[PDB]
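Look below for two forms of one protein chain, each set out as structure tokens: first structure 1, then structure 2.
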Structure 1
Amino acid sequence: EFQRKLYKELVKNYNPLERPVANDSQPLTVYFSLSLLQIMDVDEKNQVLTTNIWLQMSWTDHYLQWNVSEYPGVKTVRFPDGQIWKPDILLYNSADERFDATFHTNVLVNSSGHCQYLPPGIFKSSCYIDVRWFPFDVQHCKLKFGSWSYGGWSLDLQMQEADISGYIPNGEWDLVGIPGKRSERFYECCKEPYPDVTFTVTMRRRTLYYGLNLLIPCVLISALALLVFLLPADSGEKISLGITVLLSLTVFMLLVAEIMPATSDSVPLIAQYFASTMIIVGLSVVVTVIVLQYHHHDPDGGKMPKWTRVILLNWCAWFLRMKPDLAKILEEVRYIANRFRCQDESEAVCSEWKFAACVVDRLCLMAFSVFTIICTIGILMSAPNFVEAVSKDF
């Protein structure tokens, strides 16, 4: 009886085109805020943040006011899209093909004209995603909101603190906070300035998944590449082991190339770590080739340079703690035995060259172990957020 009469009196002469203020010269105050429910996806390749957000706009409408004594029990009214004036607040850095992803809902309005409008939405926004320190990265994704066509002389956009009380954690991102800032900017379109309200979502990557799928797999494969330095040369499988580990390393390099944006603003930390690992395994194949040359050295070839027999077989070999008819028979058997003696001297030279290969294996075992550890530790702990990651996520 009363709800029917109010809806009829409130729409008399109403115009959703008119900005709802008593004095046309003043700007209309609009308080903007939002509630962050869920971070659905951070698309590092497309540089897009997907979020589930309820936006919160509130203002006063001069013409949507009634006396609750004259409409008993009628304290709030509701209006759908197009039936009352709303602020046309849009996400400026939308990455949605439709641009505006807001699902339109009612505007709630109480008897003093106070209007509340909380349209839900799944929003996609453009966010520079800084992959310099990935997977130990912190991202600061901006969500810029402002009236599209109402400047500051017409619409006084004000900011209120973001709501995270109903926020649902994500398993890949720890929300650090959603600080906001109201700015007043000029655009070359217009002489009037246009206020906006930007919310910056500070979200920290959780690193357990990436530790177990990217960082830890790489360390063990790096350790496998050092088993080439422990394989005997006579096994015949050093290059197979080494080059196969190297082919195992490209699957990870393509996994990173597939998830990282194709940008030149910097080189990700993961890229520097995988590139260094692949250069340490790629250099262990180069060293393996040199080792095999020493092991398979032709004894009747060039003698061992004196610099080599001291640098390897003395210094490094100490540091590593390795260490008438009867005369014709005589002539003929002497040839057989002398042939054996020549084979022993050639064999001794071969064993001497083989021992050099063993020393080079041990040296480059130690050398590549130090390179792996320092590069692994140095690259990973160069990230500002590495210590925080191992404390919280491990």
Structure 2
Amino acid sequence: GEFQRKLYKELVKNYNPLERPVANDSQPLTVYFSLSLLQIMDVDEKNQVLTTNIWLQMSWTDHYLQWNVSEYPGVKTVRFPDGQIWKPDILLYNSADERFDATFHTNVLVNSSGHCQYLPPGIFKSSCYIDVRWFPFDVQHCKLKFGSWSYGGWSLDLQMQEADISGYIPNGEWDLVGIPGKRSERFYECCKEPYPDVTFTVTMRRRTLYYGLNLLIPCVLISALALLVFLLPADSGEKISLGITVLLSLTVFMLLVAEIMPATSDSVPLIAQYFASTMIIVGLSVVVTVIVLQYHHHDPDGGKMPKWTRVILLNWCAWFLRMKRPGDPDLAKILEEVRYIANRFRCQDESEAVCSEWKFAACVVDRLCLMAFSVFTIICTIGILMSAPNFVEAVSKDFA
């Protein structure tokens, strides 16, 4: 329309997009900065990069773009594209993107009295420290530091406003706790003028159902199945097979859990501690199994049972678990030969009795070690799992 065309013609005349639009040059300009969180796109632990989808919200008061609505009755707002009017150079300080700026430049809406608005969208990839001390029951804080680049404290007075999360889209993996802001002034080696900035901290918790189902239960079940090696009779000859197969099935689980953890050498992750505990438990199980097997296949007439070991295993423990311990010249020549045969059979019987005693000792040792290892694995698993803070709150929220 004629009025809009005339207004656009008049506004740009003798306008310089390089000057700060203030009435008095000494007085700093006031800029209000806020944010509008929409979605946490990704939280990467290996690269420590947080990917978010937010809308910047900055508003100020231009002085030259003021007009009387009487002269132009139709038009009440004017929109200027990028590169025609002055805009604050607010940008992220700790960006991790290949290009340091990741804001899509949109139009700037202008009041009938100079109050400008600017709502650029964009997907921001910032760098924040990720803590894996209590994985996967951890809460992460990541900061977004915004501030003008080449404007001091006496030129651009940066103010702060509360972040808006009304349109937030809930994420499956993480649930948002809050996002408070803070404003501060800083000094730099470059210059002697303070540079204010606005910092937003995003506090989020990790939902633990997926990990608690695919990382903790299967390993516990496999360890419990490894504890069965202390029930197979020695004659089966499969205890070693069972032990090594379990060790392999946990080596592959070690690989799978290592594929995701970052190389941060600052703290030992909870899951790493617990997996290690399972490693040594299974290894000691294999060692005890070897000892038991070497007890069971003890060659008779090649040693004697030590008195201490005998009186311990066959009596003290047997009472403890109430397991009862098992158990004419031709005529003369014929006579002596049958005595020889009978004596051979008697020697065989004595050797069999000694072997039975050795096997019973092996069985008692096996039962004792089963009890000890079972109690040990329960106590260690429970202690490591419950050591982490907020564990009960997290499990209650995620499960019931």
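Under this definition, the rigid core comprises the largest set of C-alpha atoms superposing within 1.5 Å between the forms. Every residue number counts along structure 1's sequence, beginning with 1.
- In the overlay on the core between the two structures, a shift of 2 Å or more in CA position is seen for a single residue of 37, 57, 364, 42, which is 364.
- With the core held fixed, the Cα of residue 114 is displaced between the two structures by less than 2 Å.
- In this overlay on the rigid core, residue 291 has a C-alpha that sits 2 Å or more away from its partner position between the two structures.
- Residue 350 is among the residues whose C-alpha shifts by 2 Å or more between the two structures once the rigid core is aligned.
- On rigid-core superposition between the two structures, the C-alpha of residue 16 is found to move 1.2 angstrom.
- At residue 98, the distance the Cα travels between the two structures is 0.3 Å after the core is superposed.
- Once the two forms are overlaid on the core, residue 240 shows a Cα shift of 2.4 Å between the two structures.
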